[PDB]
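> Below: the sequence, then the experimentally determined structure.
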Amino acid sequence: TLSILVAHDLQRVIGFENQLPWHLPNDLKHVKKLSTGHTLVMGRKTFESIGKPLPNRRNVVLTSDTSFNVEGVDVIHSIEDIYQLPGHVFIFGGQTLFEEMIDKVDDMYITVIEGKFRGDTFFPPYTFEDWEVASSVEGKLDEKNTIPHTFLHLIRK
Ligand SMILES: NC(=O)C1=CN2[C@@H]3O[C@H](COP(=O)(O)OP(=O)(O)OC[C@H]4O[C@@H](n5cnc6c(N)ncnc65)[C@H](OP(=O)(O)O)[C@@H]4O)[C@@H](O)[C@H]3O[C@@H]2CC1
Ligand SMILES: CCc1nc(N)nc(N)c1C#C[C@H](C)c1cc(OC)cc(-c2ccncc2)c1
């Protein structure tokens, strides 16, 4: 199973100056439940922006740097190596790798942030004519989650 896993705002912003533009604890928990025990694949810049591999799952970084090495991180140098990864594989970021993978994945787990943030990194355009809405769940607002958001699982028609 090959999935995209992304949070993006109303204009598909996913990042600003190496940071997430929003603070949404419920989405981090969403990320944890989906991807714990499985595989996250990310381009080099997305990994560096995070700074450490995420615990309790395989962390795979795509880069052309043959000296890249980080404890707890498996390195690949080719898009085609993604297809040899066993198990459930989530494409995690960033804009470049999403552009390379959006036409290849089976499904996408999107968190739509119902806001307009300043961004410099974007998720590719996509149309619902190509994706069936398997589920759409509104996140709950509270104390620490103050931006409306929606969990979409989209599956390729
Ligand atoms: N929500 C997010 O996912 C976020 C993502 N991060 C932002 O991405 C911003 C723009 O960089 P972008 O190119 O989109 O990031 P990638 O993660 O896609 O990193 C791209 C890198 O992956 C590598 N890469 C991509 N495609 C390939 C490929 N086909 N073969 C080999 N390496 C590849 C290659 O690394 P390298 O220069 O070390 O070789 C390439 O430059 C960059 O500013 C990162 O900060 C944000 C934080 C929020
Ligand atoms: C969660 C946000 C998020 N949600 C969803 N549904 N999919 C995603 N792909 C990401 C994401 C992301 C990027 C890689 C990112 C950037 C970052 O820049 C600091 C910190 C984190 C991060 C810090 C702590 N724990 C998990 C992830 C993630």
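Sure, I can see it. Residues are numbered from 1 along each chain as shown. Ligands and ions are numbered 1, 2, ... in the order given.

> how about the longest helix along the chain, does it get close to ligand 1?
The single longest helix within the chain, with elements called by DSSP state H, is helix 25-35. No - shown here: helix 25-35 not in contact with ligand 1 (C-beta under 6 Å from any ligand atom), separated by at least 10.7 Å. For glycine as for every other residue, the C-beta is placed from the backbone atoms N, C-alpha and C.

> List the buried residues in that helix.
Applying a neighbour-count criterion of 16 or more other C-beta atoms under 10 Å, the buried positions in helix 25-35 are 26, 27, 30, 31, 34, 35.

> contacting residues around it?
If you take C-beta atoms under 8 Å, 6 or more residues apart in numbering as the criterion, helix 25-35 is touched by 5, 7, 54, 57, 90, 92, 109, 111, 139-140, 144-145, 149, 151.

> then whatever helix or strand comes next after it to PDB, C-alphas only?
Past helix 25-35, further along toward the C-terminus, the next helix or strand under DSSP states H and E is strand 39-43. C-alpha atoms of strand 39-43 as PDB (Å, rounded to 0.1, in the frame of the first residue of the first chain):
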ATOM      1  CA  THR A  39       7.100   3.500   6.800                       C
ATOM      2  CA  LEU A  40       7.500   7.300   6.200                       C
ATOM      3  CA  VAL A  41       9.300   8.500   3.100                       C
ATOM      4  CA  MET A  42      10.400  12.000   2.800                       C
ATOM      5  CA  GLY A  43      12.800  14.200   0.700                       C
END
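
> what does this structure have sitting close to ligand 2?
Counting by C-beta under 6 Å from any ligand atom, the residues of the chain close to ligand 2 are 5-7, 19-20, 27-28, 30-31, 46, 49-50, 54, 92-93, 111.

> So among those residues, which ones count as buried?
5-7, 20, 27, 30-31, 46, 49-50, 54, 92-93, 111.

> If residue 75 is in a bridge, with which residues?
Under DSSP bridges, the beta-bridge partners of residue 75 are residue 61.

> need the contact list for residue 108.
Shown in contact with residue 108 (C-beta under 8 Å, 6+ apart): 3, 4, 5, 6, 102, 126, 131, 152, 153, 154.

> Since that was my last question, I'll sign off now.
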